[PDB]
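# Commentary on secondary and tertiary structure
Spelled out from the first residue to the last, the chains are:
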Amino acid sequence: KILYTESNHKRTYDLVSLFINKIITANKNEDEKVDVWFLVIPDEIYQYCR
Amino acid sequence: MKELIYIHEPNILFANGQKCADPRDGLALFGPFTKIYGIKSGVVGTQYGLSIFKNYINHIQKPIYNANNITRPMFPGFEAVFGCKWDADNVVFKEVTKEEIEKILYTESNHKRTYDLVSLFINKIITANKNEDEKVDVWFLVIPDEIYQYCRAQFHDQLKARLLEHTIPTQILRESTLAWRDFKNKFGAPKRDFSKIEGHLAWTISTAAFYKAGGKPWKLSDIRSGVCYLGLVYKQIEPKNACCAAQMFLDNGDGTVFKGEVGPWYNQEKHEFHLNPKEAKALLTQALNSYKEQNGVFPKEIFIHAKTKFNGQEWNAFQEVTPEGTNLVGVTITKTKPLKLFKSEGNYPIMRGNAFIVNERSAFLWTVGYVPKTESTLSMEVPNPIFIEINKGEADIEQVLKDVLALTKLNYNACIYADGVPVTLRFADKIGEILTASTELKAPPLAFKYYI
Amino acid sequence: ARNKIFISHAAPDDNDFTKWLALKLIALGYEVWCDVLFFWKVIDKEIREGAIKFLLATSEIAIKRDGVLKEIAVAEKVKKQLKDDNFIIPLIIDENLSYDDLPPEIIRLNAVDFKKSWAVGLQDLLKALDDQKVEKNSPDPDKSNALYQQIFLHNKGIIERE
Amino acid sequence: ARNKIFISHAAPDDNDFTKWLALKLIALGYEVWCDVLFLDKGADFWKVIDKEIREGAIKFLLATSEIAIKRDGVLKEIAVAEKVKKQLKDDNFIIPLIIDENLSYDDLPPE
Amino acid sequence: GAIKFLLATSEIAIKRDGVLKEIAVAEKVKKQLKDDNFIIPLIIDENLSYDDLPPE
Amino acid sequence: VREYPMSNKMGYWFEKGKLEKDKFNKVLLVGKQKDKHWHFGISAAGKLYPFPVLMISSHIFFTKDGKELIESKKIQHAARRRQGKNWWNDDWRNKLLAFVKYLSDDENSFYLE
Ligand SMILES: [Mg+2]
């Protein structure tokens, strides 16, 4: 659904907001002391978002 | 002749799912439910404070023996209980000079004095977090006595509040606590004597540090699944009130999840300690959505409890935003009517867990009593029981008693046998004391680690 | 067969250490025999036939206790018949016990250090046990649970009088 | 047969160096006996330290340091090391590995 | 009570663990006394090579 | 009974000398603490829920020479917090029951006009 947005600015910003929001929330709600957040990004993210 | 039903002690899960009734025994025997690799300390104090902190950490490395070992369990040592390492040599120390504290204290404005005292420590903490690559799990603030007594718009509340946007677990330790031997009230004896309770002090401090560093010392399992035990606390701002919510529930893996559920809900009203329909609907939608995202399906019961009674309008709003198939139970827990039970022949108070059922819609519960497990009663004097009233909805008055007693056993800020009031209410109270100590946050963190 | 680890110590004082260690060893699948966990004839019996290791909770009072040295004396005797040099393992716990007041039947031996932290000592003890191939059952929390309650989680019992 | 490389060192600080030294030699396949890494708990350590120096050791490595030469318990391993060296007619037996910066071949024991 | 610890050393007195226990305590006591001239061995066995004794 | 006003309730205690040897039912209800005199006191609030009862609450009041009340609330609270350590479960029960039994008019009750 984020992939199909027309504007490239909206495409890259929403994908960034997708990953960081989950990380940010999981760094405020989860009681787990995560050390490094590893973002295993799918390959569609790399080249479709370009 | 009045009959008192008895509610049995619930069991709290420990390492490998093993059950016990005392955290001070369950941890020392079994170990925490989840183990962390270790705890990187972080200290913001003087050279005196850093020396005290290192001395205390190395002291709790060794076993701690308190005078009455039989009644209060001894402390094996930090690594012996929790299984992780907590060394005093891994300190990312950020020095605070007594002189800058002195120039802060000399300012005429008391509000500016406390703001600057908070700002010193928090800005040093922020600087280290963003500059020092050394990972710090918990920041331990060894404050001197001058801060505690001169500064009295609270130091602790603002300090915990102004760090919320950065999500930094912190632990304030007044140097009077860590160096109690060398803090005497000019008589030649300590101002407060920890000698007979040194082991319990080690228990409390170590448990607080372990929790704030990503470890779960123990979890609960003796609660009904599918129910979202939800607690509200109202705090005064002077003519506004501030509602704060804390929620506890069992997940798909049958693991209790205890987390705050706080959103800003400010009401300015003549009739105080009540919510407008919009605030209540928001409240309940937030909690239900949190349960939905944690478990997928909606709760089978929303066990709303509070220290106050709900009016009609907010309950109608609650029902309106509630989906179908979910029941709402509103319970008021009050601790004001003195019902002091004296045992006929003897010298030790009524056992904890006794319950007096008034009727189908009320009960008395002795969440504080005399616990044989430690042989030490939780109350010096006669313990006042909590009045549990099923204000709204349908419920079993004994089931509510056992549920409240279970909720009284999750205080991570202290490793006592059990809490006098249910933990959700006390932690929501702490949140309200902190979340109302600074500017409104767009999204406060929902982990107690940052508050307690 | 001998598949039990005798734990000797001072009766009124060393209870705390032995209780933790015995429960710790039981939780790991071992078979532990402690007087606090569980008469002189009986004590000797285990050391003479049932015991496979003799762990000495050594402290400034456990070496001045007449009844403990007798358990050491029989332990020295049993150690010889078994042709096992590694029979008596001196768990040193007291802070002020420093390798100069040790009784002569234990001085020749190397202790397991518990003076600085119990956790590393238990880590040391387990290492010695596996190095010496002491057999141990599965740490099932069932029969072990029984001992745990018999020790503390049965004490939780609530007298049911009116 | 004597196919083990004994290591002597000061008890408290030399551990770090010896631990790295012991593991590397083991990783290379050299059999190694360290007084803290291969000593069983509860044994009569001199009984087994002396015995293996006489019987188990084919090389003797001394982690030489400013305190490893002033340590009473190490020189005893040296003193027996010289004796077993004599019977073994192997002059290349004791190898005093010098690690300390401040120790420079002018406060070393005559042995 | 002891001020000196004379060890009647022979090819069997050094294989007697009971005896080795008595040295083990002596040595420590020697450290308590800092008396390096405490254990003063007595070798009567010409069979003993004089150079086959415990490190202590 | 001599009255001492609370914040939101009414306390009642015995002036020293009103009781025989300042004690009743072999239970001391007025005593001495250092330079001050402690006076066991009660406050009554009658409730109809669950069932009609008279909820009584225990208190400790302090006087200088057993005559007039110390006019410092902080001093009174501090004196009580220290005096509370001594008394136990049985000590509070005996004092409360003995103080109530003084109210008795007939053998097994007492009437309110
Ligand atoms: Mg706290």
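Check the entry above for the structure.
Notes on the structure follow. (Residues numbered from 1 in each chain as written, not as in the entry; some residues may be left out. Chains lettered and ligands numbered in written order. Part of a larger assembly, values for the part shown. Heavy atoms only, no water.)

## What to know about the overall build of chain E
Secondary structure summary: chain E contains one helix and two strands in total. Counting from the amino terminus, helix and strand elements in chain E follow one another as β-α-β. By the compact-globule yardstick of 10 Å for 56 residues, chain E fits well, its C-alpha radius of gyration being 11 Å. Principal-axis analysis of the C-alpha atoms gives chain E an extent of 35 × 20 × 20 Å. When the 56 residues of chain E are sorted by exposure, 36% land in the buried category. Across chain E, every contact between residues at least 6 apart in sequence was considered, and the portion connecting residues at least 24 apart equals 68%. Here chain E displays about 3,600 Å² of accessible surface, and carbon together with sulfur accounts for 57% of that area. (Helix = DSSP H or I, 4+ residues; strand = E, 2+ residues; numbered from the N terminus. Rg over C-alpha atoms; globule rule 2.2 N^0.38 Å. Buried < 20%, exposed > 50% of the residue type's maximum accessible area, 1.4 Å probe, protein only. Contact = heavy atoms within 4.5 Å. Areas by Shrake-Rupley, 256 points an atom, 1.4 Å probe, with all protein chains shown as cover.)

## A word on the overall build of chain D
Regarding its fold elements, chain D presents three helices and four strands. In summary, chain D has a C-alpha radius of gyration of 13 Å against a globular reference of 13 Å for 111 residues, a match within 12%. Its C-alpha atoms give chain D principal-axis dimensions of roughly 35 × 30 × 30 Å. Relative to its 111 residues, chain D shows a buried fraction of 42%. Relative to all contacts within chain D whose residues are 6 or more apart in sequence, the contacts with residues 24 or more apart total 75%. Between the centroid of the 16 positive side chains of chain D and the centroid of its 21 negative side chains there is a distance of 7 Å. (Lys, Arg positive; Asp, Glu negative; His and termini not counted. Charge placed at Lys NZ, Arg CZ, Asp CG, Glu CD.)

## As for the coordination of the magnesium ion
Coordination of the magnesium ion by the protein comes from B:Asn413 (OD1) and B:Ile452 (O), over a distance range of 2.0 to 2.1 Å. A residue pair is termed long-range when its members are at least 10 positions apart, and B:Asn413 in the loop between α12 (397–407) and α13 (423–435) and B:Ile452 in the segment after α13 qualify at 39 residues. (Donors = N, O, S within 2.8 Å, 3.2 Å for Na, K, Ca; no water.)

## Considerations on the arrangement of the chains
The chain pair with the greatest number of contacts, out of six pairs of chains in contact, is formed by chains B and C. Spatially, chain A is disjoint from chain E: no contact exists, and the shortest C-alpha separation is 50 Å. For chain B and chain E, which are not in contact, the least C-alpha distance works out to 27 Å.

## Overview of the interface of chain B and chain A
Chain B puts 17 residues into the contact, and the matching count from chain A is eight residues. Approximately 990 Å² of surface area, both sides summed, lies buried where chain B meets chain A, with 42% of it carried by carbon and sulfur atoms. Counting across the interface, chain B meets chain A through two salt bridges. For the salt bridge of A:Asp31 with B:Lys216, the shortest nitrogen-to-oxygen distance reads 4.0 Å. Grouping the amino acids of the side of chain B that touches chain A by side-chain chemistry returns nine nonpolar, two polar and six charged. (Buried area = accessible area lost by both parts, 1.4 Å probe. Salt bridge = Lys/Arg side-chain N within 4 Å of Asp/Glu carboxyl O. Nonpolar A, V, L, I, M, F, W, Y, C, P; charged D, E, K, R; others polar.)

## Considering the nonpolar core
Membership of the largest hydrophobic core comes to 125 residues, with the highest contact counts inside it found for B:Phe53 and C:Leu21. Setting aside residues no more than four positions away along its own chain, C:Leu21 makes contact with C:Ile7, C:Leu55, C:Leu91, C:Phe114 and C:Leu125. Membership of the second largest hydrophobic core comes to 25 residues, among which are B:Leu105, B:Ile125, B:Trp139 and B:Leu163. (Core = buried A, V, L, I, M, F, W, Y, C linked by side-chain atoms within 4.5 Å.)

## Structural notes on the interface of chain C and chain B
Every contact between the two is made by 18 residues of chain C and, on the other side, 22 residues of chain B. When chain C packs against chain B, close to 1,600 Å² is buried across both sides, 62% of that on carbon and sulfur atoms. Considering only the surface of chain C that becomes buried against chain B, C:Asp16, C:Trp118 and C:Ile158 emerge as the three largest contributors, covering 30% of it. The interface formed by chain C and chain B holds one salt bridge in total. Here the element with the most residues in the side of chain C that touches chain B is helix α1 (residues 15–27) of chain C; it accounts for five residues. Class assignment of the residues belonging to the side of chain C that touches chain B gives a composition of 11 nonpolar, one polar and six charged.

## Details of the side chain of D:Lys76
Positionally, D:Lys76 belongs in helix α3 (residues 72–87). A relative accessible area of 15% means that D:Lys76 is categorised as buried. Within the local environment of D:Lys76, its side chain forms a polar contact with the backbone oxygen of D:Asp72, the two atoms lying 3.2 Å apart. Beyond its immediate stretch of four places on either side in the chain, D:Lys76 contacts D:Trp46, E:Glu27, E:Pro55 and E:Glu56. (Polar contact = N/O pair within 3.5 Å; in protein donor to acceptor, adjacent residues only side chain to side chain.)

## As for the packing of aromatic side chains
Taken as a whole and assessed by the stated rule, the structure comprises 40 aromatic pairs over all chains. Taking 4.9 Å as the distance between ring centres and 50° as the angle between the ring planes, the aromatic pair formed by B:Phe249 and B:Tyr291 counts as tilted. Within this pair, whereas B:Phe249 is found in strand β10 (residues 240–250), its partner B:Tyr291 is found in helix α10 (residues 277–295), the two being separated by 42 residues in sequence. Both residues of the pair, B:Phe249 and B:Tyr291, belong to the buried class. Centre to centre, the rings of C:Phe6 and C:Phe54 are 5.4 Å apart; their planes meet at 5°, and the pair counts as stacked. For the pair C:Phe6 and C:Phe54, one class covers both residues: buried. Members of the aromatic cluster, connected to one another through ring pairs, are B:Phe53, B:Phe78, B:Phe82, B:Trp86, B:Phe140 and B:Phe210. (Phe/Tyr/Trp six-rings, centres within 6.5 Å; stacked < 30°, edge-to-face > 60°.)

## Some remarks on the pattern of salt bridges
As enumerated under the stated definition, the model contains 37 salt bridges over all chains in all. Between B:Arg181 and B:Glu198 there is a salt bridge whose closest N-O contact spans 3.1 Å. Taken together, the positions of B:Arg181 in the loop between α8 (175–178) and α9 (198–212) and B:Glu198 in helix α9 put the pair 17 residues apart, joining distant regions of the chain. We classify B:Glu198 as buried; its relative accessible area is 12%. The partner of D:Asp50 in a salt bridge is D:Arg54, and the shortest N-O contact between them spans 2.9 Å. Remark: D:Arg54 and D:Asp50 occur in helix α2 (residues 45–55); sequence separation between them is four residues, near one turn of the helix. Residue classification places D:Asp50 among the buried residues on the basis of a relative accessible area of 18%. You can call D:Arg54 buried: its relative accessible area is 17%. Here the residues in one salt-bridge network are B:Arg224, B:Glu301, B:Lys402 and B:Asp403, joined through shared partners.

## Focus: the pairing of strand β14 (residues 327–334) of chain B
Residues and elements named next belong to chain B. Across the eight residues of β14, six count as buried, placing the element largely inside the fold. For strand β13 (residues 301–306) and β14, the ladder comprises six bridges, and the chain directions are parallel. Considered in β14, the bridge of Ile-304 is made with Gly-330. As for the winding sense of the linkage, the β-α-β connection from β13 through helix α11 (residues 312–321) to β14 is right-handed. (Pairing = 2+ DSSP bridges. Right-handed = clockwise from strand over helix to strand, strands pointing away.)

## Focus on helix α2 (residues 47–61) of chain B
All names here are of chain B. Over its 15 residues, α2 extends 21 Å from the first C-alpha to the last, a length consistent with the 21 Å expected when each residue adds 1.5 Å. Considered for burial, the residues of α2 that qualify are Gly-49, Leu-50, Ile-52, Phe-53, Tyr-56, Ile-57, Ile-60 and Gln-61. The backbone nitrogen of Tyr-48 lies 3.2 Å from a side-chain oxygen of the residue at the head of α2, namely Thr-46. (Expected span 1.5 Å × (residues − 1).)

## Considering the pairing of β10(B)
All names here are of chain B. Of all 11 residues in β10, 10 are buried, a share of seventy percent or more. Here strand β9 (residues 229–237) pairs with β10 via nine bridges, running antiparallel. The partner of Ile-237 across the bridge, within β10, is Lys-240. Across five bridges, the pairing between β10 and strand β11 (residues 256–260) is antiparallel. Within β11, the position partnered with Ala-246 by the bridge is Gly-260. Joining the antiparallel neighbours β10 and β11 is a turn of five residues, in which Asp-254 adopts a positive phi near 60°.

## Looking at the sheet that holds strand β3 (residues 19–20) of chain B
Sheets are built from strands that pair by backbone hydrogen bonding, the pairs being arranged parallel or antiparallel. Residues and elements named next belong to chain B. Across the sheet, which stays open at both edges, the three strands sit in the order β3-β2-β8 with antiparallel pairing between neighbours. One side of each edge strand has no neighbouring strand; the edge strands of this open sheet are β3 and β8 (219–220). By the bridge criterion, two bridges tie strand β2 (residues 12–13) to β8 in an arrangement that is antiparallel. Looking across to β8, one finds that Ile-12 is bridged to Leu-220.

Don't take any of this as a statement about function, it's just geometry.
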